[PDB]
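Read from first to last, the chains carry the letters A, B, C, D, E, F, G, H and I; within each, the first residue is number 1.
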Amino acid sequence: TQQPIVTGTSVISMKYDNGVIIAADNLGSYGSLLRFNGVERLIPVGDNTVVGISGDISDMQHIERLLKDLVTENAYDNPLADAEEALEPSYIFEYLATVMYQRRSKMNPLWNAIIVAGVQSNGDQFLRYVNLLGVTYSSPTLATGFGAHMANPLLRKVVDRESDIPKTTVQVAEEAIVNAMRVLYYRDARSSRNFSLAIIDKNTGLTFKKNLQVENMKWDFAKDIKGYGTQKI
Amino acid sequence: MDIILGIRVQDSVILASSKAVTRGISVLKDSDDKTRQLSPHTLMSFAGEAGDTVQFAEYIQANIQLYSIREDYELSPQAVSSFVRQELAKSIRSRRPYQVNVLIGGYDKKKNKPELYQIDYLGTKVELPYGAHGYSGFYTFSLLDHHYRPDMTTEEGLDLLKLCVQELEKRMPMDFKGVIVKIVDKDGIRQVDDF
Amino acid sequence: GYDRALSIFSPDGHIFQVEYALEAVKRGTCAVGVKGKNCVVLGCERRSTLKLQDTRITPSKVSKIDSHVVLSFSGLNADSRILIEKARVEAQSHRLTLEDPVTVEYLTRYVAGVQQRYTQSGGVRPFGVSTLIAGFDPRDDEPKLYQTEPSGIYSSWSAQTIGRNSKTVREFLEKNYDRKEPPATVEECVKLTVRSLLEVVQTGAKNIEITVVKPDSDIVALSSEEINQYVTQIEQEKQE
Amino acid sequence: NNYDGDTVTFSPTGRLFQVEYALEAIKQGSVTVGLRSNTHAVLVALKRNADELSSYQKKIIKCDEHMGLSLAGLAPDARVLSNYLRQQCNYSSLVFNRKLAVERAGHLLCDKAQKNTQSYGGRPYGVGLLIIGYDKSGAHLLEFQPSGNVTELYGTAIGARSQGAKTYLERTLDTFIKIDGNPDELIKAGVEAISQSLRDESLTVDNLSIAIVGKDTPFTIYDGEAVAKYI
Amino acid sequence: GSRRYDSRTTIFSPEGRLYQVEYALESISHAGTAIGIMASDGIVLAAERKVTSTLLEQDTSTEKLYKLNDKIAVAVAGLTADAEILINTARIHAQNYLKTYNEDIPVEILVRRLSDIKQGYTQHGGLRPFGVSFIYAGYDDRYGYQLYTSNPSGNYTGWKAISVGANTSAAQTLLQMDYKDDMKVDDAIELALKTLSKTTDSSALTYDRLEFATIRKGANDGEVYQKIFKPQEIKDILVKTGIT
Amino acid sequence: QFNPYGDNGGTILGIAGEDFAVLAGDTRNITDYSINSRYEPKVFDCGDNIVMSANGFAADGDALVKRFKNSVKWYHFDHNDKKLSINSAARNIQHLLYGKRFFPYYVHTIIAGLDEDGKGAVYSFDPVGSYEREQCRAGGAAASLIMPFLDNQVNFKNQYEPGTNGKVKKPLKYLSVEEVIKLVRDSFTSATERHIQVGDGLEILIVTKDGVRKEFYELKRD
Amino acid sequence: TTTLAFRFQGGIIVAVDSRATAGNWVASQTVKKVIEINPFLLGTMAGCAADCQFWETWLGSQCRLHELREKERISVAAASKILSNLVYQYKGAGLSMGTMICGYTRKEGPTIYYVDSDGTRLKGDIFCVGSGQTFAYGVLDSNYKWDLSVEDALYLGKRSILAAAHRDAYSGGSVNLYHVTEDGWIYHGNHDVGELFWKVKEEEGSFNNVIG
Amino acid sequence: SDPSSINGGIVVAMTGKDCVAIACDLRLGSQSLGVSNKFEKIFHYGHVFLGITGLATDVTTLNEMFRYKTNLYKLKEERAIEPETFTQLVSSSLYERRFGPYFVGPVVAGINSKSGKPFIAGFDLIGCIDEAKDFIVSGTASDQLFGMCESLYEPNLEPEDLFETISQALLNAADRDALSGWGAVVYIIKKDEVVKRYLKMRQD
Amino acid sequence: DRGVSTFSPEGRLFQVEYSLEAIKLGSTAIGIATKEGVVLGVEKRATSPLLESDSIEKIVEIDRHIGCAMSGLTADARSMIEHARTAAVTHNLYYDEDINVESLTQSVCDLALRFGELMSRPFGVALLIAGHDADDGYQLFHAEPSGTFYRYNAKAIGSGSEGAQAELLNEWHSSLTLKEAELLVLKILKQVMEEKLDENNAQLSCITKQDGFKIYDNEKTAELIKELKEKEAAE
């Protein structure tokens, strides 16, 4: 039995024609206090997988150490550790999913929602979700927390089903993600302006972008809004 | 499980136990014998939580019978009662205690005396001339305080017992379907078939 | 815990510790079991080098396992108590769960199983004891007599003997005991049991113990005078 | 002599006699051959019988859809080690959704056998194993010895008179390695290899045992009338 | 491994004997003689101390005779340290019984349990047996006055009169000669001392080389009393019988 | 306080024919009022001509299926590649479920296949392992909507022969694979209309002696 | 649920319903609430489906092991006690079982034992267990006699379940009949309440409360 | 469901001139129901006296426990235990069950056989020793006993006078408590004689 | 001394090889498998005439479809039989079906090598496990203390095994009837047995698909013995 203390908010992601995109803001909330502002919640594993984590940050750091140790362990007695026997997104996800479900079954969960984004060795896009209950699912768009309620609707307008994935480019997909992050900044009280974004492409590989900001924001209309009903001045 | 009574007279101990076994709004049985013979001259009646009562009674029975075989000797009622008390005393501080109250009626062959012991589920032991468990005592004790004499015969003890059952049948809310009466004396244990 | 495998195979395929346990049985005082038409009798030797004994309190050779089953033995006396205790506990456990007393075969099978377990368990030696188990099954009038030994094998016997000079008394029983017509009465069965012990014992004074078991938990041990009457009767008929 | 009472004792020359005696049990065992190409890996085993009335002792055991082995020596020890491999292959699939690499399989067997040679009370395994498999890096063949030593090979053989088959494969190396995309021809080379270890007896229908794994071929065992093709 | 150094204490000889038990009995045969005699109205326990030194504190010493409870006592023959381990266990067992049944433990039950412990060390555990033989003297309301003996094998037997330790062969012959069933305590006291006086390896039997105890019903009306004799009391009883 | 259970919604449906059996299920996965996936399969081919679905709390469902699939694999190893019969699979699943009697898998399990006489079979389970063979069973969120429709159309309940004064019942008969699929599709479209957790897609697994065939159909996405 | 079993001149009658409920939802109408342990032993099921089904099939395995080890069919007393001792170990854990172990042996004769999840074990001639037990008792007790024929006994057991199926909301579906004799148990069919009710109403003239 | 007041009962101990007294009621009940009027709460191990109030099963259990321990003490020490030593033993035994305690209020009383000094002591349920020159009280009428003892008690009372003081303290305390009374026993303890007296009191 | 799980220089486990010598001292047990059934027969070998031979239980039921005969230190077989019976019943509970004869035999053989320094020594008894299942039909297995089991068309174990096995080599063919197999066990038993074969000192049994495992009565076997003698005298 736990309760989350220092928390991270939405992680959002989607598939596009050649790969996957994932994003998450750089905030570590302490209840209503916006305590920590330099928290990286996207953690790359190798050059082909990015794990995005929300929820309890202490448990996130524990999961970082597990992934870091998994890469070390996989390299032991493995001449093909950087080739055919390298870690796949599917291997990394299943490991975490096993751990998440085992911990909930011992009534001592890792208080997180996790999205594993990556590209498999055969070029197939990998995008799957797992959380504190051990619940897992896959979809062309995946999101956690407020992202599930606000980002998914926007991302699903681009990729509404499987057949829309080949029709979606990296430029269009990234634009939708960045737009979704702006919407979350408007409407999520536990979000920040600063965020990180990661693109895993089957051709150009892993591109990790840090220190991105939400921009082109609409606030001007606020000046005209006066009172809460009858007030004119 | 509700009514168990005990009366120690001059030359015997008489135990009376109700025949009803009730579960919910149904009397499942009206001929239940709520007692086990621990040894030829020692009888134990019991009442309490369903399942626990019989499980406990039979466990005690097996242990006393084991002792009898090992030593080729019958334990005294006092010795049996102390053993039973200790088991209940252990039980009350266990993970799941035996919720079972007992009366032990026995005839000590060495002393040539009847003996009645009342033990509750906490391991509270007392030797008495007459005893009861549950709500039964609230009616019978005052009745026995009045009518009981220490030098009574077995027949007089049975008439006294009839008077208790009549009072219970009159004022008790629940129908306990009469009682099975058993006598413990020098000649052993026998049942009164017509009561 | 002490783990050592004490009972092990030898090149010739023998378990010496089990066979040496049989030698301890061969050293023990003689015990005989004879079953009749409506009874079983257990005879036991008591060595007469021990005078100034207190026969009231000295452990009896025949032990009640339940009210309907008895157990005598030959071999190490201390070892026998462990089997008897385990047997008595199992007898009460059987009554508790099955709501019926043990059959003689079942009780024998349990005791034999305990003996066997001590022949392939680490850190223990075999029981230096062979038992004769006799009695009557619940609600049954057919006499039962079984034998066990250190290895753990057990079997039923019309009549059998164990202990020192048992080969002599077995020789006697093999010609004197008729399968087609066993001892019809209690007297005949006891007499044959006493006769068989008189081939080995020495004197028929306080050396022979006799225990008679009958159906429906009817067990009684004979006194000195009662046994002495059989001894007196046999010797007078012998002089012929 | 004085240093062969248990596995925890070194000889004055630095030998482990109980391990060497366990190795001797393999030499007494019936012959089995292993060989591979770039696309497929093949096991061929000569099964042994007690007499004409008895069945023939099964030599090949399946570990997963993509891996299995053949045994030579104490069969129950092969059952224990193969059972351990089944669990490790299965652990890899359930936890990591990953087919166990044949090289890791060998490393795991080595470490399991090693622990039994350094501790008091236990004993070394009395069996030799030939593990074949097809994983992400192609076809593989391993040789396991109960000393702990595991070796990756193009081809090999273990058991009684195994030197004959081993010499043949050493000559045929350049030929059978390039049998790619042709199961029957690779098996034929294996059946011809095991034939070099035969004396007096010949390969019959209920005597021969063959197994194969490859690119688009799950680990499957052939016995009985199914191996009549290769005689 | 450690197998090399294992003596194997719980095994049979080819003849069917327990090596360690037999060798423990050989040890006990060199110990100071202890005698027990049961009379109709009490029990006597007499024991010879092992080669006493003149500077040994005799009055505040306990080597042979120990009290298990108010009704039961034992005479020791063998390793004193081993005996004390078993004695404390027996004392605890007696109290467990009293706690359970609110009755003093019957003598045989205490003897059986202590003998069962000894038996265990001969059958399992891989440890040496206790090099101790006891004579148990006690009373209960079932069998009255009782004498028992146990030895390292865990076998126990009942007796009218018995000796353990050194010179038991000679001692048992003398007891068998002079003992009779209608004997009194005062007569048994005399027999015990006379037997020790003839079997002893010492030059002459004296008070400082003895321990003595009686269990009588000499207390007031239907109750048992244990009397562990003091040095001066042994001196007096030795003169009274005409040994010194 | 931490709640180890959740509701992932969705509904499943198993029907047995004469020489075939179907196990159908929608592909929508949900939590509360949100859609997690429009296509997340929960009807699986487990080998040996057995199809299985464990609907309810998806984590427990995936765990159970995963464990049963593994049970089939080990049954082959331990018993000389013997085929696991549907009745033997059913009993095996009871022990898997009852093994967690005091911390249950929060799922309604249904398996389908052919019995040892080649006839269509469906077995249904409660969360703690009580099971029963049936011709017809709906499970999950919309079970209460679908099941009485099946009683009426598959087992012909409350339908009497016209003109017989309600004396002669409508006779039972086996339905064709074509007629069964019609009832499945109509059941799921009806459930999609009247249940918010049901929709997106319908995946049907059909089991015959030839093997396991799949069929997919679109459902309303609102 | 409604289950009963009673003892009479010609042996033992056993009768049960077939309804399963999860709250007010009727989960099934075709459930087997009698377990066939062996040719001479039956077990009835009330309370939790899984607990009853799992542990009574387990009981059959234990009864089978008994006759392998002892070369003799287990007694009804011994069989019932294995189950009662099992559930007693789990007491407090939340098992919910109301069972009746019915059978014939030579030494015992026809015997019925009531066993439940709070450890109670009772031998008796007549028992009714379940949510509809009172309704079954009402019909069964008022018409019961020891001198009943096998035909009349079977009908009374059937009629008693029907009575409960009618009044008790959590009982219904169909009636499963069993007869146990010296030779073993005999199955007397599945009887749908849908047809049985109207048949009994017409032929007997009972159930006048219902709109005919 | 308060363990200390289910069965009811009281114990009181006082010191006098070269003497001590300990007394108790005879009631054992089950809440309102009086069950036994013969249930004595005072026990002795050699010359050391122990009274115990509270849950009757624990009263009995602890008596059996201290009989057990003082018997072994005597065998090993070859002498009877003294009141000071026994007080420490009671404390140790109670605190050993710190988080699962016996629900009792024990009272030790006795005269040291060596020094001749009168000794009394009391304990809480987990063994905290309350040593006192004057008096110790325990049970369901402890408030009443404190009031009676504080007013009636004076130092250096003779055995015959002490008897009257302790008897009147107990009786009048018991008559103001529903769960106490139903008879009473008083022990008067001198250096080498002990007198036990049963008191006449109201039986309601 | 020396370790329990020690290898010899030839590559064999000392204790396993020594246990095989104990089995050679055991009484003879013969098994014959046919398409109509599997027959199991044993030499009782009573050590004395006073021993009631009907109490000698060397043929044993494991399940309705599996039987078992033993030879060697027969006391060691009791825990093996107990394990087999449990394994058979347990499998039926888990899978609602009969258990394969081979799987049952494999389960028994897993105990064999579970000894060392687990039990203290190997079993000193060999088992003939006979049975029937739907997949592989009528089967006969020989389970040794080495953990190894061979399937046999016919097999003899015990003191007269090498002589009986040579006799089974010649006599066995694939078209044997059940009656022919019964007589063949009795014939070969009578040859290798010390004492003269009769209904009291020898026991027969069989397992068929229809009637399951059955131990024959002394009356039934006596007729087969009388039938056997007449047929040998007939030519």
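Here is the rule we use: contacts are C-beta pairs under 8 Å (C-beta built on N, C-alpha and C of every residue); 3 or more make two chains touch, one makes a residue touch a chain.
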Common touching chains of chain F and chain A: D
More contacts between chains, C-I or B-G: C-I
Distance between the centres, which are taken as Cα means, of chain D and chain C, whole angstrom: 57
Separation of chain A from chain D, taking each centre as the mean of its C-alpha atoms, in whole Å: 47
Intercentroid distance (Cα basis), chain F paired with chain D, Å: 44
Intercentroid distance (Cα basis), chain C paired with chain B, Å: 41
Residues of chain B whose C-beta touches two or more other chains: none
Overlap residues in chain C, where contacts from two or more other chains coincide: 4, 6
Interface residues, chain B side, partner chain H - complex: 85, 88-89, 92-93, 118, 120, 122-128, 137-138, 141
Touch list for chain I against partner chain C, complex: 4, 15, 18-25, 48-52, 54-56, 73-76, 78-79, 115, 117, 119-124
Touch list for chain D against partner chain E, complex: 6, 8, 120-121
Sites on chain H touched by chain E in the complex: 64-65, 67-68, 71-72, 75
Contacting residues of chain F [partner chain I, same complex]: 75, 78-80, 82, 85, 87-88, 90-92, 95
